Amino acid sequence: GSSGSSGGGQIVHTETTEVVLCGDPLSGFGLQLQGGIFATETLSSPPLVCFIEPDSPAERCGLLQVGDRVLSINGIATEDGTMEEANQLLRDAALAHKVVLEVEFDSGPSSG
């Protein structure tokens, strides 16, 4: 199951942030993913936050915003799935009243 590990290695070359969203299965959450046009097709890259709902849970996180990336969802890699799956993954999560998203970025002097 969860076997502990240790010894050496190196720090992650990239950083990430866990976005915990909560909502009902009806009202869902409040976030839109951005990726391939077609649904029935794997994702070579992580989908971006196409859009976000105002006063929504995804927005309440603040940290989240259009442009962000979604590596995995609840531990499910988006690149190892299809657009739909990603969206669907958000559905099942909604039914849980909780969801976890993983964003990618280089924690540092990100000027813009």
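Here, the structure is the one placed above.
Residues numbered from 1 in each chain as written, not as in the entry; some residues may be left out. Heavy atoms only, no water.

Peer 1: Help me out: how do you make sense of the environment of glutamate 84 in this one?
Peer 2: On the secondary structure map, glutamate 84 appears in helix 2 (residues 83–94). Assessed through its relative accessible area of 42%, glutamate 84 is described here as partly exposed. Between the C-alpha atom of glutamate 84 and that of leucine 43, which follows or precedes it by 41 residues, the distance is 9.6 Å. Excluding anything up to four places from it in sequence, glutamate 84 contacts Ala39 and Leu89. (Helix = DSSP H or I, 4+ residues; strand = E, 2+ residues; numbered from the N terminus. Buried < 20%, exposed > 50% of the residue type's maximum accessible area, 1.4 Å probe, protein only. Contact = heavy atoms within 4.5 Å.)

Peer 1: Sorry, what's going on with the layout of surface pockets here?
Peer 2: One number sums up the size of the largest pocket: a volume of about 180 Å³. Along the walls of the largest pocket sit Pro25, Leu26, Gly28, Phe29, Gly30, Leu31, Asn87, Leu90, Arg91, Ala94 and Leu95, which together make up its complete lining. Counting residues per element, the lining of the largest pocket draws most heavily on helix 2, which supplies 4 residues. By residue class, the composition of the lining of the largest pocket is 7 nonpolar, 3 polar and 1 charged. (1 Å grid on protein atoms, 1.4 Å probe; cavity = no way out; pocket = protein on both sides within 12 Å on 5 of 7 lines; lining within 4 Å. Points joined across faces, edges and corners; volume = space filled by probe spheres on them. Nonpolar A, V, L, I, M, F, W, Y, C, P; charged D, E, K, R; others polar.)

Treat this as a map of the structure, not an account of what it does.
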